$ cat coords_34.pdb   # PDB, C-alpha atoms (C1' of nucleotides)
ATOM      1  CA  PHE W 368      -0.888   9.041   8.824
ATOM      2  CA  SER W 369       2.329   7.710  10.370
ATOM      3  CA  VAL W 370       1.283   4.055  10.135
ATOM      4  CA  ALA W 371      -0.134   4.703   6.660
ATOM      5  CA  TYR W 372       3.112   6.321   5.480
ATOM      6  CA  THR W 373       5.351   3.550   6.823
ATOM      7  CA  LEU W 374       3.083   1.157   4.919
ATOM      8  CA  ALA W 375       3.693   3.294   1.827
ATOM      9  CA  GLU W 376       7.445   3.102   2.410
ATOM     10  CA  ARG W 377       6.997  -0.690   2.288
ATOM     11  CA  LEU W 378       4.522  -0.593  -0.606
ATOM     12  CA  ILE W 379       6.988   1.557  -2.553
ATOM     13  CA  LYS W 380       9.606  -1.203  -2.166
ATOM     14  CA  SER W 381       7.077  -3.773  -3.398
ATOM     15  CA  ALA W 382       6.262  -1.675  -6.440
ATOM     16  CA  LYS W 383       9.983  -1.036  -6.881
ATOM     17  CA  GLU W 384      10.643  -4.780  -7.317
ATOM     18  CA  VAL W 385      10.002  -4.153 -11.043
ATOM     19  CA  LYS W 386      13.536  -2.724 -10.935
ATOM     20  CA  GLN W 387      14.867  -6.286 -11.221
ATOM     21  CA  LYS W 388      12.061  -8.332 -12.798
ATOM     22  CA  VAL W 389      11.953  -5.996 -15.828
ATOM     23  CA  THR W 390      15.497  -5.320 -16.949
ATOM     24  CA  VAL W 391      17.390  -3.995 -19.954
ATOM     25  CA  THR W 392      18.116  -6.807 -22.403
ATOM     26  CA  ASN W 393      21.818  -7.753 -22.659
ATOM     27  CA  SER W 394      22.708  -5.254 -19.935
ATOM     28  CA  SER W 395      25.743  -5.762 -17.711
ATOM     29  CA  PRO W 396      25.487  -4.919 -14.833
ATOM     30  CA  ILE W 397      21.782  -5.755 -14.994
ATOM     31  CA  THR W 398      20.247  -2.299 -15.155
ATOM     32  CA  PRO W 399      16.517  -1.822 -14.565
ATOM     33  CA  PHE W 400      14.473  -1.158 -17.641
ATOM     34  CA  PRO W 401      12.397   1.960 -16.872
ATOM     35  CA  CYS W 402       9.102   0.538 -15.648
ATOM     36  CA  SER W 403       6.341   2.097 -13.552
ATOM     37  CA  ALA W 404       4.353   0.102 -11.034
ATOM     38  CA  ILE W 405       1.949   0.436  -8.136
ATOM     39  CA  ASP W 406       1.374  -1.404  -4.922
ATOM     40  CA  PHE W 407      -1.620  -0.500  -2.781
ATOM     41  CA  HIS W 408      -3.274  -1.907   0.319
ATOM     42  CA  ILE W 409      -6.655  -0.627   1.726
ATOM     43  CA  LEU W 410      -5.983  -1.112   5.430
ATOM     44  CA  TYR W 411      -9.396  -1.644   7.051
ATOM     45  CA  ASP W 412      -6.982  -2.158  10.042
ATOM     46  CA  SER W 413      -7.815  -5.851   9.686
ATOM     47  CA  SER W 414      -4.811  -6.850   7.531
ATOM     48  CA  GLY W 415      -2.034  -6.295  10.111
ATOM     49  CA  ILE W 416      -0.606  -2.732   9.550
ATOM     50  CA  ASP W 417       2.798  -4.343   8.940
ATOM     51  CA  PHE W 418       3.430  -5.172   5.287
ATOM     52  CA  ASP W 419       5.185  -8.483   5.971
ATOM     53  CA  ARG W 420       2.205  -9.697   8.015
ATOM     54  CA  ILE W 421      -0.237  -8.131   5.524
ATOM     55  CA  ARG W 422       0.930 -10.301   2.632
ATOM     56  CA  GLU W 423       1.267 -13.574   4.564
ATOM     57  CA  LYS W 424      -2.466 -13.473   5.355
ATOM     58  CA  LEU W 425      -3.097 -13.548   1.591
ATOM     59  CA  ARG W 426      -0.789 -16.502   0.916
ATOM     60  CA  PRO W 427      -3.185 -19.021   2.450
ATOM     61  CA  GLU W 428      -1.391 -22.147   1.199
ATOM     62  CA  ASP W 429       2.226 -22.807   0.365
ATOM     63  CA  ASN W 430       1.776 -22.619  -3.424
ATOM     64  CA  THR W 431      -1.269 -20.315  -3.426
ATOM     65  CA  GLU W 432      -1.280 -16.536  -3.037
ATOM     66  CA  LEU W 433      -4.359 -14.333  -3.320
ATOM     67  CA  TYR W 434      -2.667 -11.137  -4.454
ATOM     68  CA  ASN W 435      -1.162  -9.990  -7.748
ATOM     69  CA  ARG W 436      -0.783  -6.549  -6.275
ATOM     70  CA  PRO W 437       2.521  -5.182  -7.613
ATOM     71  CA  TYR W 438       0.859  -3.903 -10.792
ATOM     72  CA  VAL W 439       2.905  -2.474 -13.644
ATOM     73  CA  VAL W 440       1.258   0.626 -15.112
ATOM     74  CA  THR W 441       3.710   1.238 -17.961
ATOM     75  CA  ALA W 442       2.160   0.388 -21.317
ATOM     76  CA  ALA W 443       2.916  -3.029 -22.789
ATOM     77  CA  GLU W 444       4.284  -1.435 -25.964
ATOM     78  CA  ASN W 445       6.906   0.431 -23.937
ATOM     79  CA  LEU W 446       7.857  -2.774 -22.091
ATOM     80  CA  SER W 447       8.052  -5.046 -25.153
ATOM     81  CA  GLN W 448      11.797  -4.521 -25.652
ATOM     82  CA  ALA W 449      12.735  -5.372 -22.047
ATOM     83  CA  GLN W 450      13.585  -8.687 -20.502
ATOM     84  CA  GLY W 451      10.825  -9.809 -18.195
ATOM     85  CA  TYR W 452       8.145  -8.635 -20.615
ATOM     86  CA  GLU W 453       5.898 -11.651 -19.979
ATOM     87  CA  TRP W 454       5.906 -10.957 -16.231
ATOM     88  CA  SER W 455       4.918  -7.301 -16.753
ATOM     89  CA  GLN W 456       1.801  -8.360 -18.671
ATOM     90  CA  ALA W 457       0.584 -10.681 -15.922
ATOM     91  CA  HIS W 458       1.301  -7.802 -13.520
ATOM     92  CA  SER W 459      -0.238  -5.171 -15.801
ATOM     93  CA  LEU W 460      -2.643  -2.892 -13.949
ATOM     94  CA  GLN W 461      -5.013  -3.016 -16.924
ATOM     95  CA  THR W 462      -5.720  -6.655 -16.060
ATOM     96  CA  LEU W 463      -6.948  -5.486 -12.654
ATOM     97  CA  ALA W 464      -8.860  -2.503 -14.052
ATOM     98  CA  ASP W 465     -10.609  -4.724 -16.612
ATOM     99  CA  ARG W 466     -11.672  -7.260 -13.977
ATOM    100  CA  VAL W 467     -12.929  -4.460 -11.729
ATOM    101  CA  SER W 468     -14.972  -3.216 -14.698
ATOM    102  CA  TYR W 469     -16.513  -6.677 -15.127
ATOM    103  CA  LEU W 470     -17.427  -6.668 -11.432
ATOM    104  CA  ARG W 471     -18.933  -3.183 -11.722
ATOM    105  CA  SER W 472     -20.716  -4.000 -14.993
ATOM    106  CA  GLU W 473     -24.438  -4.732 -14.922
ATOM    107  CA  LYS W 478     -28.513  -6.097 -11.956
ATOM    108  CA  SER W 479     -24.903  -7.203 -11.445
ATOM    109  CA  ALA W 480     -23.482  -9.337 -14.238
ATOM    110  CA  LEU W 481     -21.511 -11.245 -11.625
ATOM    111  CA  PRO W 482     -23.666 -11.219  -8.478
ATOM    112  CA  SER W 483     -21.894 -10.171  -5.301
ATOM    113  CA  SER W 484     -23.594 -13.244  -3.827
ATOM    114  CA  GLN W 485     -21.448 -15.352  -6.181
ATOM    115  CA  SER W 486     -18.307 -13.195  -6.094
ATOM    116  CA  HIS W 487     -18.174 -13.791  -2.336
ATOM    117  CA  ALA W 488     -18.711 -17.524  -2.761
ATOM    118  CA  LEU W 489     -15.595 -17.466  -4.948
ATOM    119  CA  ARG W 490     -13.811 -15.134  -2.512
ATOM    120  CA  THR W 491     -14.452 -17.660   0.260
ATOM    121  CA  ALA W 492     -13.219 -20.550  -1.904
ATOM    122  CA  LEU W 493      -9.943 -18.795  -2.716
ATOM    123  CA  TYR W 494      -8.751 -19.369   0.860
ATOM    124  CA  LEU W 495      -9.110 -23.130   0.309
ATOM    125  CA  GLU W 496      -6.675 -25.209  -1.701
ATOM    126  CA  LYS W 497      -6.747 -24.660  -5.458
ATOM    127  CA  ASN W 498      -8.551 -27.985  -5.923
ATOM    128  CA  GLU W 499     -11.363 -26.548  -3.803
ATOM    129  CA  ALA W 500     -11.197 -23.044  -5.251
ATOM    130  CA  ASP W 501     -11.383 -24.574  -8.735
ATOM    131  CA  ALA W 502     -14.207 -26.843  -7.559
ATOM    132  CA  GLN W 503     -16.297 -23.845  -6.480
ATOM    133  CA  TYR W 504     -15.477 -22.035  -9.722
ATOM    134  CA  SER W 505     -16.539 -25.094 -11.728
ATOM    135  CA  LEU W 506     -19.891 -24.949  -9.909
ATOM    136  CA  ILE W 507     -20.300 -21.393 -11.216
ATOM    137  CA  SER W 508     -18.309 -20.893 -14.428
ATOM    138  CA  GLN W 509     -21.195 -21.529 -16.849
ATOM    139  CA  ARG W 510     -23.976 -19.942 -14.802
ATOM    140  CA  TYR W 511     -22.221 -16.547 -15.160
ATOM    141  CA  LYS W 512     -20.488 -16.171 -18.516
ATOM    142  CA  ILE W 513     -18.638 -13.024 -17.358
ATOM    143  CA  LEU W 514     -16.455 -15.442 -15.358
ATOM    144  CA  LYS W 515     -14.720 -16.456 -18.591
ATOM    145  CA  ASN W 516     -12.944 -13.115 -18.208
ATOM    146  CA  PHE W 517     -12.022 -13.597 -14.533
ATOM    147  CA  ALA W 518     -10.268 -16.892 -15.267
ATOM    148  CA  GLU W 519      -6.480 -16.852 -15.565
ATOM    149  CA  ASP W 520      -5.598 -20.480 -16.361
ATOM    150  CA  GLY W 521      -6.096 -20.112 -20.108
ATOM    151  CA  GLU W 522      -8.687 -22.877 -19.781
ATOM    152  CA  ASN W 523     -11.672 -20.997 -18.263
ATOM    153  CA  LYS W 524     -11.843 -23.377 -15.304
ATOM    154  CA  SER W 525      -9.699 -21.676 -12.618
ATOM    155  CA  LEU W 526      -9.266 -18.181 -11.206
ATOM    156  CA  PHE W 527      -5.540 -18.840 -10.620
ATOM    157  CA  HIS W 528      -2.584 -18.768 -12.957
ATOM    158  CA  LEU W 529       0.820 -20.316 -12.369
ATOM    159  CA  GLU W 530       3.591 -17.759 -11.768
ATOM    160  CA  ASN W 531       7.085 -19.022 -10.879
ATOM    161  CA  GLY W 532       5.471 -22.077  -9.301
ATOM    162  CA  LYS W 533       2.875 -20.133  -7.297
ATOM    163  CA  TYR W 534      -0.830 -20.138  -8.035
ATOM    164  CA  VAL W 535      -1.553 -16.400  -8.010
ATOM    165  CA  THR W 536      -4.849 -14.645  -8.715
ATOM    166  CA  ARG W 537      -6.129 -11.138  -9.431
ATOM    167  CA  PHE W 538      -9.732 -11.974  -8.523
ATOM    168  CA  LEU W 539      -9.439 -11.056  -4.858
ATOM    169  CA  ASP W 540      -7.472  -7.916  -5.752
ATOM    170  CA  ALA W 541     -10.330  -6.983  -8.083
ATOM    171  CA  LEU W 542     -12.829  -7.340  -5.237
ATOM    172  CA  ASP W 543     -10.625  -5.120  -3.050
ATOM    173  CA  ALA W 544     -10.167  -2.408  -5.682
ATOM    174  CA  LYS W 545     -13.745  -2.661  -7.000
ATOM    175  CA  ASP W 546     -14.644   0.675  -5.385
ATOM    176  CA  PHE W 547     -11.186   2.293  -5.460
ATOM    177  CA  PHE W 548     -11.093   2.660  -9.273
ATOM    178  CA  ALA W 549     -13.039   5.906  -9.671
ATOM    179  CA  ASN W 550     -12.161   8.895 -11.814
ATOM    180  CA  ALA W 551     -13.577  12.244 -12.855
ATOM    181  CA  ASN W 552     -12.512  11.558 -16.448
TER     182      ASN W 552
ATOM    183  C1'   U O   1     -52.836 -78.190 -47.260
ATOM    184  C1'   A O   2     -54.041 -75.797 -41.881
ATOM    185  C1'   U O   3     -54.005 -77.929 -38.276
ATOM    186  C1'   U O   4     -52.649 -78.741 -32.036
ATOM    187  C1'   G O   5     -55.303 -76.523 -27.372
ATOM    188  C1'   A O   6     -56.579 -73.073 -23.387
ATOM    189  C1'   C O   7     -54.956 -70.521 -20.361
ATOM    190  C1'   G O   8     -53.212 -65.817 -18.036
ATOM    191  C1'   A O   9     -52.854 -61.041 -15.095
ATOM    192  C1'   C O  10     -49.855 -56.287 -15.458
ATOM    193  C1'   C O  11     -48.590 -51.453 -13.524
ATOM    194  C1'   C O  12     -45.942 -50.095  -7.799
ATOM    195  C1'   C O  13     -44.342 -44.289  -9.104
ATOM    196  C1'   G O  14     -42.285 -41.430 -13.613
ATOM    197  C1'   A O  15     -40.130 -36.088 -15.051
ATOM    198  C1'   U O  16     -38.152 -31.479 -12.921
ATOM    199  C1'   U O  17     -36.310 -27.093  -9.728
ATOM    200  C1'   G O  18     -32.248 -28.381  -5.271
ATOM    201  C1'   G O  19     -30.898 -22.489  -3.974
ATOM    202  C1'   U O  20     -31.673 -17.221  -6.205
ATOM    203  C1'   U O  21     -30.658 -11.859  -5.155
ATOM    204  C1'   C O  22     -28.896  -7.960  -1.665
ATOM    205  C1'   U O  23     -25.697  -6.380   2.703
ATOM    206  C1'   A O  24     -19.277  -8.243   2.880
ATOM    207  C1'   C O  25     -17.868  -4.422   7.746
ATOM    208  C1'   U O  26     -19.769   0.682   9.409
ATOM    209  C1'   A O  27     -18.565   4.553  12.879
ATOM    210  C1'   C O  28     -15.020   5.353  16.443
ATOM    211  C1'   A O  29     -10.607   5.716  20.569
ATOM    212  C1'   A O  30      -4.070   6.699  17.885
ATOM    213  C1'   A O  31      -4.764  10.821  12.823
ATOM    214  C1'   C O  32      -6.243  16.510  12.462
ATOM    215  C1'   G O  33      -4.571  22.462  16.470
TER     216        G O  33
END
$ encode --input "coords_34.pdb" --output "C-alpha cells"
Amino acid sequence: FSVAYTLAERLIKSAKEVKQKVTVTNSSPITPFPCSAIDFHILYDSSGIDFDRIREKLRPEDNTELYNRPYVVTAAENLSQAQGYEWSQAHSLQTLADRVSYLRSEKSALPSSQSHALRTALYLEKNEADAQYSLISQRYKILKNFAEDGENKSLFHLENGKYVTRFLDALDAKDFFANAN
RNA sequence: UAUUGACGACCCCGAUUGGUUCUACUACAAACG
C-alpha cells in the first residue's frame, strides 16, 4: 500500500495539472476553472514504481508519447466557458472510455492479434507506427475510431508539438472499465 | 479491269491468397495481525 499511495500522491499532482491548463477566462491572477480529472497507473511492478520513471518509459521518442493519461472527467458542457477548453476535450475521459468500448466490442471487432501489432509499432517512430497502422486501417474498420489525426491514417494526434495517443491507454484500461451499473 | 508469286512457324507460363485467430504476463517474497 505504501508504494501504491506514494504513486497516488504523484498521480494526484498529474491529475491536478488541470488547475492551470483549464483556467477562468479573463481571470487575474489566473485562477483555476473548476475541473475534475483522473490519473491512473496499473503498476504490474514493471513500470518503475516511481512516477517520473513511469512516464519516461512511455515517451519512447523525443516528440512521441504513448500516454494521454491525465483525463478530464468534467463534462464538456461545463468546461465550454473556460480557457483551455480544447485541451480538456482531447483529455476527456470519454475519449478513453469510448476507445475501450471499441476494443471490448465484438469475435473481437479489433482482434487482440492486431491491437498488439499496433501496440508494438507505437514504440517505433511515428513514421513506423503510422506505417503499421496503414497496413491495418482498412482491414478493420473499427480503427477509424481509434485514429486521432483527423485523417484516419494515424493513431497519434499533435498536442503542443508532441505526438500523443490514447490507443495504448485504451489497451491498459481495457479491463479496468467495469461497473455494476 | 485484276493481276504479281510462294513462302512461314507461334506459344515458354498466366491469375490469386502472402498470414489469420487466441494467450500479452500469471502467482508470489515487501502489503494484511
$ residues_around --input "coords_34.pdb" --residues "segment 28-32 of chain O" --least-positions-apart "5" --cutoff "10 Å" --atoms "all atoms listed in the file" --output "ChimeraX atom specification"
/W:368-371
$ residues_around --input "coords_34.pdb" --residues "segment 518-521 of chain W" --least-positions-apart "2" --cutoff "10 Å" --atoms "only C-alpha atoms (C1' of nucleotides)" --output "PyMOL selection string"
chain W and resi 457+466+504+508+513-516+523-529+534-538
$ resolve_selection --input "coords_34.pdb" --expression "the PyMOL selection byres ((chain O and resi 20) around 12)" --output "PyMOL selection string"
(chain W and resi 482+484-485+510) or (chain O and resi 17-19+21-22)
$ residues_near_point --input "coords_34.pdb" --point "(15.1, -5.8, -8.7)" --cutoff "12 Å" --atoms "only C-alpha atoms (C1' of nucleotides)" --output "ChimeraX atom specification"
/W:380-391,397-402,451
$ atom_distance --input "coords_34.pdb" --atom1 "atom CA of residue 544 of chain W" --atom2 "atom CA of residue 439 of chain W"
15.3 Å
$ atom_distance --input "coords_34.pdb" --atom1 "atom CA of residue 375 of chain W" --atom2 "atom CA of residue 404 of chain W"
13.3 Å
$ residues_around --input "coords_34.pdb" --residues "segment 494-496 of chain W" --least-positions-apart "4" --cutoff "7 Å" --atoms "all atoms listed in the file" --output "list in words"
residues 427, 428 and 500 of chain W
$ resolve_selection --input "coords_34.pdb" --expression "the PyMOL selection byres ((chain W and resi 440-447) around 8)" --output "list in words"
residues 402, 403, 404, 405, 438, 439, 448, 449, 452, 455, 456, 459, 460 and 461 of chain W
$ atom_distance --input "coords_34.pdb" --atom1 "atom CA of residue 458 of chain W" --atom2 "atom CA of residue 426 of chain W"
17.0 Å
$ residues_around --input "coords_34.pdb" --residues "residue 414 of chain W" --least-positions-apart "4" --cutoff "12 Å" --atoms "all atoms listed in the file" --output "PDB file with C-alpha atoms, in the coordinates of the input"
ATOM      1  CA  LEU W 374       3.083   1.157   4.919  1.00  0.00           C
ATOM      2  CA  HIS W 408      -3.274  -1.907   0.319  1.00  0.00           C
ATOM      3  CA  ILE W 409      -6.655  -0.627   1.726  1.00  0.00           C
ATOM      4  CA  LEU W 410      -5.983  -1.112   5.430  1.00  0.00           C
ATOM      5  CA  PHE W 418       3.430  -5.172   5.287  1.00  0.00           C
ATOM      6  CA  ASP W 419       5.185  -8.483   5.971  1.00  0.00           C
ATOM      7  CA  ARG W 420       2.205  -9.697   8.015  1.00  0.00           C
ATOM      8  CA  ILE W 421      -0.237  -8.131   5.524  1.00  0.00           C
ATOM      9  CA  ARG W 422       0.930 -10.301   2.632  1.00  0.00           C
ATOM     10  CA  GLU W 423       1.267 -13.574   4.564  1.00  0.00           C
ATOM     11  CA  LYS W 424      -2.466 -13.473   5.355  1.00  0.00           C
ATOM     12  CA  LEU W 425      -3.097 -13.548   1.591  1.00  0.00           C
TER      13      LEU W 425
END
$ residues_around --input "coords_34.pdb" --residues "residue 23 of chain O" --least-positions-apart "3" --cutoff "12 Å" --atoms "only C-alpha atoms (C1' of nucleotides)" --output "ChimeraX atom specification"
/W:483-484,487 /O:26
$ closest_residue --input "coords_34.pdb" --among "W:478, W:377, W:533, W:512" --to "chain O" --atoms "all atoms listed in the file"
W:478
$ decode --input "coords_34.pdb" --residues "segment 492-505 of chain W" --atoms "N, CA and C atoms" --output "mmCIF file, in the first residue's frame"
data_model
loop_
_atom_site.group_PDB
_atom_site.id
_atom_site.type_symbol
_atom_site.label_atom_id
_atom_site.label_comp_id
_atom_site.auth_asym_id
_atom_site.auth_seq_id
_atom_site.Cartn_x
_atom_site.Cartn_y
_atom_site.Cartn_z
ATOM 1 N N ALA W 492 4.117 -1.332 -32.607
ATOM 2 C CA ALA W 492 4.515 -0.248 -33.501
ATOM 3 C C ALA W 492 4.580 1.103 -32.807
ATOM 4 N N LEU W 493 3.764 1.320 -31.778
ATOM 5 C CA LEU W 493 3.744 2.625 -31.130
ATOM 6 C C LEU W 493 5.089 2.992 -30.519
ATOM 7 N N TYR W 494 5.891 2.004 -30.131
ATOM 8 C CA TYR W 494 7.211 2.278 -29.583
ATOM 9 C C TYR W 494 8.229 2.681 -30.640
ATOM 10 N N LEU W 495 7.928 2.469 -31.915
ATOM 11 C CA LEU W 495 8.741 2.967 -33.013
ATOM 12 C C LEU W 495 8.499 4.460 -33.220
ATOM 13 N N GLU W 496 9.196 5.031 -34.197
ATOM 14 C CA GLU W 496 8.901 6.394 -34.601
ATOM 15 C C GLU W 496 7.519 6.446 -35.244
ATOM 16 N N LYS W 497 6.915 7.635 -35.219
ATOM 17 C CA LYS W 497 5.589 7.811 -35.802
ATOM 18 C C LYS W 497 5.526 7.315 -37.242
ATOM 19 N N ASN W 498 6.566 7.577 -38.033
ATOM 20 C CA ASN W 498 6.580 7.101 -39.414
ATOM 21 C C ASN W 498 6.466 5.587 -39.501
ATOM 22 N N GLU W 499 6.910 4.873 -38.475
ATOM 23 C CA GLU W 499 6.762 3.426 -38.448
ATOM 24 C C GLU W 499 5.483 2.988 -37.761
ATOM 25 N N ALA W 500 5.033 3.737 -36.758
ATOM 26 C CA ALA W 500 3.731 3.467 -36.165
ATOM 27 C C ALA W 500 2.618 3.697 -37.175
ATOM 28 N N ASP W 501 2.689 4.813 -37.903
ATOM 29 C CA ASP W 501 1.747 5.094 -38.980
ATOM 30 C C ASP W 501 1.862 4.117 -40.139
ATOM 31 N N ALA W 502 3.057 3.596 -40.404
ATOM 32 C CA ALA W 502 3.206 2.571 -41.432
ATOM 33 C C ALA W 502 2.445 1.304 -41.067
ATOM 34 N N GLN W 503 2.643 0.807 -39.847
ATOM 35 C CA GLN W 503 1.889 -0.346 -39.363
ATOM 36 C C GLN W 503 0.389 -0.105 -39.405
ATOM 37 N N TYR W 504 -0.054 1.059 -38.933
ATOM 38 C CA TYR W 504 -1.476 1.380 -38.967
ATOM 39 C C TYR W 504 -2.014 1.403 -40.393
ATOM 40 N N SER W 505 -1.237 1.923 -41.341
ATOM 41 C CA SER W 505 -1.670 1.924 -42.732
ATOM 42 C C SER W 505 -1.722 0.526 -43.338
#
